[PDB]
Structures are given as C-alpha cells and as structure tokens.
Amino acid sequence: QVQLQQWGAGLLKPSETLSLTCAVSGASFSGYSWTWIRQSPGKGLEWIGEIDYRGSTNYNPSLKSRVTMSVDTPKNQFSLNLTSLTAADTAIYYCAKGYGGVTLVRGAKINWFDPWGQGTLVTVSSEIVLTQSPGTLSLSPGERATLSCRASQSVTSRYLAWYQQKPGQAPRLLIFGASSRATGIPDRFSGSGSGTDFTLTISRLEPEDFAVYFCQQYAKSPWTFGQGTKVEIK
C-alpha cells in the first residue's frame, strides 16, 4: 500500500522557481532514495536527483546547477526546487521511490524506481546512453513482441530495469536485474541480456499490453532511460 502524494504550483512564468513536495506513506522513509524524474515532450524521461532521510543528495550534472532537494523526515516528505525556469523545463514531474540498494560496484546503486507518483504537469509560460529499437511496433493480439535496449558502454552486472507506461498513466516497473519479474507481473514478460545488449520479450500480446516500454540503467550515475518503444495495433 505504498502511496506517494504529490503537490506543487504547476503554472509558472519564466525565470520563476518551481517547488514540488512529495509525501510518502506505507513505506519506511529511511531505506529508500526518494528521487524526482521528469518526462518532457521530445527530451523524454530524465532523472533529476535523489535524497535520503539523512539529507544526502545526488543530482543530475545537467540540472545540478539549478536543482536543490530537501527532506522533512518527521513528516515523511521530500521536496524539489528547480530554478531559473525556461520553456524546456515544461514537463510531467514524478515523485518516485528509488530502491537505493547498496552494491560493491562503484558508482552503482540498485536503484530502479518503483512505484512512481501520479505526476505533476509544470507549464512554463506567461553518461550511459541507452538506445532502444524499434521505435514503434505494430502488432495484433497473440503475437510476440521483442524489444531491444543497447547501452553506449557496458552495464556492470545486469543492472537494468524495464518500465511499462500505459497511455495517460505513470510508469510501473516490469523487470529489474534485466530478467527478474517484479511483483504482480505476468509470466508473458521476459527480460534477457547482459553487457551492452538487452531485450524485453512479450510472448503473447493482449489488448492492454499496448503501451510504451523504457529501459533504465543503474550501473553508472546519472541514471538514464531509453527514449521508449511504442507498441500499437496492426
């Protein structure tokens, strides 16, 4: 029953300051890396930063200058402050629970994000690169879909996760560790790969399995996503 309430002013003029807050329930505020993620038109999914109950932070080098995060551990809340706003910052911002598990691999954290928050649209107006193929699959029910995710450099261990984003919804975790089904995930979703080459296989498609699928690496910070693969009917 992990819920993530999210709120903050969404309609801002340029150069103003964005302020979002997220409140956690059903989970221990200690023991996870509370992260912020935005989905912009064109740019795609982008990891902003993370913060734990002790106040330690990790920010994306691209947004590092303008991003500030805080925690109010008594109330189980954590907050984002993006500054010097521009139109490129218009996007859907997600509160997210990062697993935050420790690993002896340096620069790596077992940090797939699940569950995501509902999302907040912010409108401004008055590294390891993962390349997914194809960009779009057009298939009918009962057929097998095979998706690819290729990294610019080797992903240490198998520190890769896959996400499903049904239309109008936040992403939900499908696979972690490249090939481990998450809780409540049907067996028709299979993950495979290691190193630089990974695939997600949907064996027998069903009408709701037609969504956008993303890969994410957590082997080298900043955590990065693929551009997405859209699965549609034919």
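Numbering starts at 1 and runs along the sequence shown.
**Student:** Count up the deposited residues without coordinates from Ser126 to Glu127 and drop the result into none, 1 to 3, 4 to 9, or 10 or more.
**Tutor:** Going from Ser126 to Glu127, the model skips 10 or more residues of the deposited sequence.
**Student:** Compare the mean C-alpha B-factor of 82-90 with that of 106-114 as given in the PDB entry, and name the stretch with the higher value.
**Tutor:** Stretch with the higher mean C-alpha B-factor: 82-90.
**Student:** Mean C-alpha B-factor higher for 220-228, or for 6-14?
**Tutor:** The stretch with the larger average C-alpha B-factor is 6-14.
**Student:** If you compare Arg172, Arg181, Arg54, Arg204, which has the highest Cα B-factor in the entry?
**Tutor:** The C-alpha B-factor peaks, among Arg172, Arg181, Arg54, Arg204, at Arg204.
**Student:** Please pick out which of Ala161, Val71, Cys95, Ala145 has the largest Cα B-factor as recorded in the entry.
**Tutor:** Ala145 has the highest C-alpha B-factor of those listed.
**Student:** Name the third of the chain's ranked CA B-factors that contains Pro141, choosing lowest, middle or highest.
**Tutor:** Within its chain, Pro141 is a highest-third residue by C-alpha B-factor, going by the deposited values.
**Student:** Classify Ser62 as lowest, middle or highest third according to the C-alpha B-factor given in the PDB entry, relative to its own chain.
**Tutor:** Answer is highest: the recorded C-alpha B-factor places it there.
**Student:** Taking the C-alpha B-factors as the PDB entry records them, is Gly193 in the lowest, middle or highest third of its chain?
**Tutor:** Lowest third, going by the recorded CA B-factors of the chain.
**Student:** For the chain shown, is the CA B-factor of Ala151 in the lowest, middle or highest third of its modelled residues?
**Tutor:** For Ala151, whose C-alpha B-factor we compare with every modelled residue in the chain, the answer is the lowest third.
**Student:** Consider only the C-alpha atoms of the modelled residues in this chain, order them by B-factor as the entry records it, and name the third containing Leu121: lowest, middle or highest.
**Tutor:** Middle third - that is where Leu121 ends up once the chain's C-alpha B-factors are sorted.
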